[PDB]
Amino acid sequence: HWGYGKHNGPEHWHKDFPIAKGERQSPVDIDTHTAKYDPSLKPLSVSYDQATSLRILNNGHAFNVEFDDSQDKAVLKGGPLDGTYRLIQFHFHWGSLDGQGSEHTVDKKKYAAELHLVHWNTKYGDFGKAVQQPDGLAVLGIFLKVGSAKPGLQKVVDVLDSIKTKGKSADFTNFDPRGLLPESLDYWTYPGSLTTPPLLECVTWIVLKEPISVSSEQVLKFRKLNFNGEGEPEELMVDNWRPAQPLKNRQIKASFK
Ligand SMILES: NS(=O)(=O)c1ccc(C(=O)NCC(F)(F)C(F)(F)C(F)(F)C(F)(F)F)cc1
Ligand SMILES: [Zn+2]
């Protein structure tokens with residue numbers, strides 16, 4: 001029964017999910033002065049040429065664009081990662097206004113939204129096994145600021161009216177997630193967790209330094225989605241972000257000087 005409200009929001013998650021107070025929780029504030037350049041990191045390899053999107057689903061907390069991950073089509077490799085991570089879905093977190101919405105922050109700055117491209121380590125064979133491992137997932141995080149429209153985001157924006165409420169889905173084939181990437185792949189990386197229950201500590205985070213720009217009209221349409229199911233009292237899907245968590249005994253590394 002968790003969600004984002006007063007009564008069921010991030011401050012309450014620890015009661016059903018005690019790992020909420022664990023040692024490697026996400027998101028975190030990225031203090032740009034404290035993150036150390038690690039000349040040993042690699043260039044990330046984002047290989048999305050063969051990506052096969054299938055469906056888009058309003059799950060009551062966000063919407064997921066789902067991919068065929070039955071074999072190695074769209075994969076993330078390199079950077080801080082060992083081995084091959086298959087793209088399974090992407091989704092966003094966003095705010096009620098442009099001044100909040102991201103989960104990670106940069107020197108305490110909140111972006112209007114944050115995209116997460118979720119990938120799982122194929123050495124564990126399936127996603128449900130991968131989330132039980134400390135190196136099971138790699139989530140590529142991309143900040144959104146409001147300015148010029150992002151042309152590669154418009155197909156997502158235009159299907160949202162058809163999945164307004166929890167449990168609705170729509171066919172969503174042939175979507176190219178390369179159109180959501182910024183120009184630079186410079187990133188910060190640290191070990192963390194899923195940012196929604198069950199909050200599993202299984203994620204290598206890779207957060208791109210360069211935000212993408214989306215238009216105010218684009219993000220306004222995210223904010224017309226609903227957390228509720230069909231016919232239920234309307235609760236706009238906004239502010240579905242978890243705040244920054246304590247860094248504890250972790251190091252955030254930069255891939256760039
Ligand atoms: N915001 S995020 O950090 O990018 C992010 C990315 C992905 C998930 C996600 O797959 N939750 C769903 C889930 F994994 F928890 C799961 F239900 F599928 C599960 F596999 F653990 C379970 F519970 F065993 F079935 C959550 C947060
Ligand atoms: Zn997320």
# chains A, B, ... in the order shown; residues from 1 in each chain; ligands from 1
>>> residues_near_ligand(ligand="ligand 1", cutoff="10 Å", atoms="only C-alpha atoms and all ligand atoms", output="MDAnalysis selection string")
chainID A and resid 25:27 62 64 88:93 103 114:120 126:132 137:141 192:205 240:242
>>> write_last_selection(atoms="N, CA and C atoms", output="CSV table (one decimal), in the first residue's frame")
chain,number,residue,atom,x,y,z
A,25,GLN,N,21.3,3.0,0.3
A,25,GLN,CA,20.0,3.5,-0.2
A,25,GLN,C,20.1,4.6,-1.2
A,26,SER,N,19.2,4.6,-2.2
A,26,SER,CA,19.1,5.6,-3.2
A,26,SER,C,17.8,6.3,-3.2
A,27,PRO,N,17.7,7.5,-3.8
A,27,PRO,CA,18.8,8.3,-4.4
A,27,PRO,C,19.7,9.0,-3.3
A,62,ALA,N,4.3,5.2,-11.5
A,62,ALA,CA,4.9,5.9,-12.7
A,62,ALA,C,4.3,5.2,-13.9
A,64,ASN,N,5.8,2.7,-17.1
A,64,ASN,CA,7.0,2.0,-17.5
A,64,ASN,C,6.9,1.7,-19.0
A,88,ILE,N,15.4,-3.6,-19.5
A,88,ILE,CA,14.1,-4.2,-19.3
A,88,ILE,C,13.0,-3.1,-19.4
A,89,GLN,N,13.2,-1.9,-18.9
A,89,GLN,CA,12.2,-0.9,-18.9
A,89,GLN,C,12.8,0.4,-18.6
A,90,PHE,N,12.2,1.5,-19.0
A,90,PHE,CA,12.5,2.8,-18.4
A,90,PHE,C,11.2,3.5,-17.9
A,91,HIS,N,11.4,4.4,-17.0
A,91,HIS,CA,10.3,5.2,-16.4
A,91,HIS,C,10.9,6.5,-15.9
A,92,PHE,N,10.1,7.4,-15.5
A,92,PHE,CA,10.5,8.7,-15.0
A,92,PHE,C,9.9,8.9,-13.6
A,93,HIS,N,10.5,9.9,-12.9
A,93,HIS,CA,10.0,10.5,-11.7
A,93,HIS,C,9.9,12.0,-11.9
A,103,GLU,N,15.1,12.5,-8.4
A,103,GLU,CA,15.4,11.8,-7.2
A,103,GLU,C,16.9,12.1,-6.8
A,114,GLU,N,13.5,13.0,-13.7
A,114,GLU,CA,14.6,12.1,-13.9
A,114,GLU,C,14.2,10.8,-14.5
A,115,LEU,N,14.8,10.5,-15.6
A,115,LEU,CA,14.6,9.2,-16.4
A,115,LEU,C,15.5,8.1,-15.8
A,116,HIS,N,14.9,6.9,-15.6
A,116,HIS,CA,15.7,5.7,-15.3
A,116,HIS,C,15.5,4.7,-16.3
A,117,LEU,N,16.6,4.3,-16.9
A,117,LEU,CA,16.7,3.2,-17.8
A,117,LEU,C,17.3,2.0,-17.1
A,118,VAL,N,16.4,1.0,-16.9
A,118,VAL,CA,16.7,-0.1,-15.9
A,118,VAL,C,17.3,-1.3,-16.7
A,119,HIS,N,18.4,-1.8,-16.2
A,119,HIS,CA,19.1,-3.0,-16.9
A,119,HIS,C,19.5,-4.0,-15.8
A,120,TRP,N,19.4,-5.3,-16.3
A,120,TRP,CA,19.8,-6.4,-15.3
A,120,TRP,C,20.9,-7.2,-15.8
A,126,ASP,N,17.8,-14.2,-14.9
A,126,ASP,CA,16.5,-13.5,-15.0
A,126,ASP,C,16.5,-12.3,-14.0
A,127,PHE,N,15.5,-11.4,-14.3
A,127,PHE,CA,15.5,-10.2,-13.5
A,127,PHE,C,15.2,-10.4,-12.0
A,128,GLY,N,14.3,-11.3,-11.7
A,128,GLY,CA,14.0,-11.6,-10.3
A,128,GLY,C,15.2,-12.2,-9.5
A,129,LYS,N,16.0,-12.9,-10.2
A,129,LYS,CA,17.3,-13.4,-9.5
A,129,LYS,C,18.3,-12.2,-9.4
A,130,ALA,N,18.4,-11.3,-10.4
A,130,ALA,CA,19.4,-10.3,-10.5
A,130,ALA,C,19.1,-9.3,-9.3
A,131,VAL,N,17.8,-9.0,-9.0
A,131,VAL,CA,17.6,-8.0,-7.9
A,131,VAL,C,18.0,-8.5,-6.5
A,132,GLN,N,18.3,-9.8,-6.4
A,132,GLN,CA,18.8,-10.4,-5.1
A,132,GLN,C,20.3,-10.3,-5.0
A,137,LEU,N,21.7,-5.0,-10.9
A,137,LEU,CA,21.1,-4.1,-11.8
A,137,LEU,C,22.0,-2.9,-12.0
A,138,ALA,N,21.8,-2.3,-13.2
A,138,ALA,CA,22.5,-1.0,-13.5
A,138,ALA,C,21.4,-0.1,-14.0
A,139,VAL,N,21.2,1.1,-13.2
A,139,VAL,CA,20.2,2.0,-13.7
A,139,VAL,C,21.0,3.3,-14.2
A,140,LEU,N,20.6,3.7,-15.4
A,140,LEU,CA,21.2,4.8,-16.0
A,140,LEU,C,20.2,5.9,-15.8
A,141,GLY,N,20.6,7.0,-15.1
A,141,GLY,CA,19.7,8.0,-14.7
A,141,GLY,C,20.1,9.3,-15.4
A,192,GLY,N,24.1,1.6,-5.0
A,192,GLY,CA,22.8,2.0,-4.3
A,192,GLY,C,21.7,1.0,-4.4
A,193,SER,N,20.5,1.5,-4.5
A,193,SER,CA,19.3,0.6,-4.4
A,193,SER,C,18.3,1.0,-5.3
A,194,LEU,N,17.2,0.2,-5.4
A,194,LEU,CA,15.9,0.6,-6.0
A,194,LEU,C,15.4,1.8,-5.2
A,195,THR,N,14.8,2.8,-5.9
A,195,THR,CA,14.3,4.0,-5.1
A,195,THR,C,12.8,3.8,-4.8
A,196,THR,N,12.2,2.7,-5.1
A,196,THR,CA,10.8,2.4,-4.7
A,196,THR,C,10.8,1.0,-4.0
A,197,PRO,N,9.9,0.8,-3.0
A,197,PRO,CA,9.8,-0.5,-2.4
A,197,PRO,C,9.8,-1.6,-3.5
A,198,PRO,N,10.5,-2.7,-3.2
A,198,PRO,CA,11.1,-3.1,-2.0
A,198,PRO,C,12.5,-2.5,-1.6
A,199,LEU,N,13.0,-1.5,-2.4
A,199,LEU,CA,14.2,-0.8,-2.0
A,199,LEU,C,15.5,-1.6,-1.9
A,200,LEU,N,15.5,-2.7,-2.8
A,200,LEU,CA,16.6,-3.7,-2.7
A,200,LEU,C,17.9,-3.1,-3.0
A,201,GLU,N,19.0,-3.5,-2.4
A,201,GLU,CA,20.3,-2.9,-2.5
A,201,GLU,C,21.1,-3.6,-3.6
A,202,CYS,N,20.7,-3.4,-4.8
A,202,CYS,CA,21.1,-4.3,-5.9
A,202,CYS,C,21.6,-3.5,-7.1
A,203,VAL,N,21.7,-2.2,-7.0
A,203,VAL,CA,21.8,-1.3,-8.2
A,203,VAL,C,23.2,-0.6,-8.2
A,204,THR,N,23.9,-0.7,-9.4
A,204,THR,CA,25.0,0.2,-9.7
A,204,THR,C,24.3,1.4,-10.4
A,205,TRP,N,24.4,2.6,-9.7
A,205,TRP,CA,23.8,3.8,-10.3
A,205,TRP,C,24.9,4.4,-11.2
A,240,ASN,N,6.3,11.9,-7.6
A,240,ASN,CA,6.5,10.5,-7.4
A,240,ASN,C,8.0,10.2,-7.3
A,241,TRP,N,8.7,11.0,-6.5
A,241,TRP,CA,10.2,10.9,-6.3
A,241,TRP,C,10.4,10.7,-4.8
A,242,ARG,N,11.5,9.9,-4.5
A,242,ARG,CA,11.9,9.7,-3.2
A,242,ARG,C,13.1,10.7,-2.9
>>> select_by_dssp(residues="stretch 11-234 of chain A", states="helix (DSSP H, G or I)", output="mmCIF file with C-alpha atoms, in the first residue's frame")
data_model
loop_
_atom_site.group_PDB
_atom_site.id
_atom_site.type_symbol
_atom_site.label_atom_id
_atom_site.label_comp_id
_atom_site.auth_asym_id
_atom_site.auth_seq_id
_atom_site.Cartn_x
_atom_site.Cartn_y
_atom_site.Cartn_z
ATOM 1 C CA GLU A 11 8.777 8.616 5.283
ATOM 2 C CA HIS A 12 6.540 5.615 5.946
ATOM 3 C CA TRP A 13 8.240 2.986 3.710
ATOM 4 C CA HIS A 14 10.603 1.758 6.412
ATOM 5 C CA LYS A 15 7.735 0.114 8.366
ATOM 6 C CA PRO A 18 13.120 -1.831 6.915
ATOM 7 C CA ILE A 19 16.011 -1.743 4.361
ATOM 8 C CA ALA A 20 14.720 1.805 3.723
ATOM 9 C CA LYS A 21 17.161 2.745 6.533
ATOM 10 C CA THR A 122 22.557 -11.387 -17.536
ATOM 11 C CA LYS A 123 24.944 -13.529 -15.435
ATOM 12 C CA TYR A 124 21.972 -14.076 -13.067
ATOM 13 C CA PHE A 127 15.472 -10.152 -13.470
ATOM 14 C CA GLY A 128 13.969 -11.639 -10.301
ATOM 15 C CA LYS A 129 17.306 -13.374 -9.522
ATOM 16 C CA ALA A 130 19.362 -10.263 -10.479
ATOM 17 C CA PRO A 151 11.658 15.427 -30.061
ATOM 18 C CA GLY A 152 12.408 11.823 -29.066
ATOM 19 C CA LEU A 153 10.135 12.118 -26.031
ATOM 20 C CA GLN A 154 6.982 13.159 -27.936
ATOM 21 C CA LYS A 155 5.816 9.594 -28.826
ATOM 22 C CA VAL A 156 5.825 8.800 -25.087
ATOM 23 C CA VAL A 157 3.919 12.038 -24.267
ATOM 24 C CA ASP A 158 1.271 11.334 -26.847
ATOM 25 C CA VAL A 159 0.305 7.890 -25.598
ATOM 26 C CA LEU A 160 -0.138 9.029 -21.938
ATOM 27 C CA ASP A 161 -3.852 9.964 -22.450
ATOM 28 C CA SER A 162 -4.493 6.296 -23.218
ATOM 29 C CA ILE A 163 -2.963 5.013 -19.950
ATOM 30 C CA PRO A 177 15.300 5.106 -26.479
ATOM 31 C CA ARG A 178 18.437 6.590 -28.121
ATOM 32 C CA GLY A 179 16.257 9.657 -28.625
ATOM 33 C CA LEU A 180 16.168 10.299 -24.848
ATOM 34 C CA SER A 216 6.896 22.708 -20.349
ATOM 35 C CA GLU A 217 4.068 21.184 -22.462
ATOM 36 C CA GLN A 218 5.792 17.784 -22.368
ATOM 37 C CA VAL A 219 6.138 17.675 -18.597
ATOM 38 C CA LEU A 220 2.586 19.121 -18.094
ATOM 39 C CA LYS A 221 1.273 15.982 -19.827
ATOM 40 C CA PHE A 222 3.163 13.699 -17.402
#
>>> residues_around(residues="residue A:47", least_positions_apart="3", cutoff="8 Å", atoms="only C-alpha atoms", output="NGL selection string")
:A and (50 or 74-76)
>>> atom_distance(atom1="atom CA of residue A:187", atom2="atom CA of residue A:142")
9.5 Å
>>> residues_around(residues="residue A:34", least_positions_apart="3", cutoff="10 Å", atoms="only C-alpha atoms", output="PyMOL selection string")
chain A and resi 30-31+37+107+251-254
>>> atom_distance(atom1="atom CA of residue A:185", atom2="atom CA of residue A:59")
29.3 Å
>>> select_by_dssp(residues="stretch 62-174 of chain A", states="strand (DSSP E)", output="VMD selection string")
chain A and resid 63 to 67 75 to 78 85 to 94 105 to 106 113 to 121 137 to 146 169 to 171
>>> closest_residue(among="A:213, A:245, A:184, A:102", to="ligand 2", atoms="only C-alpha atoms and all ligand atoms")
A:102
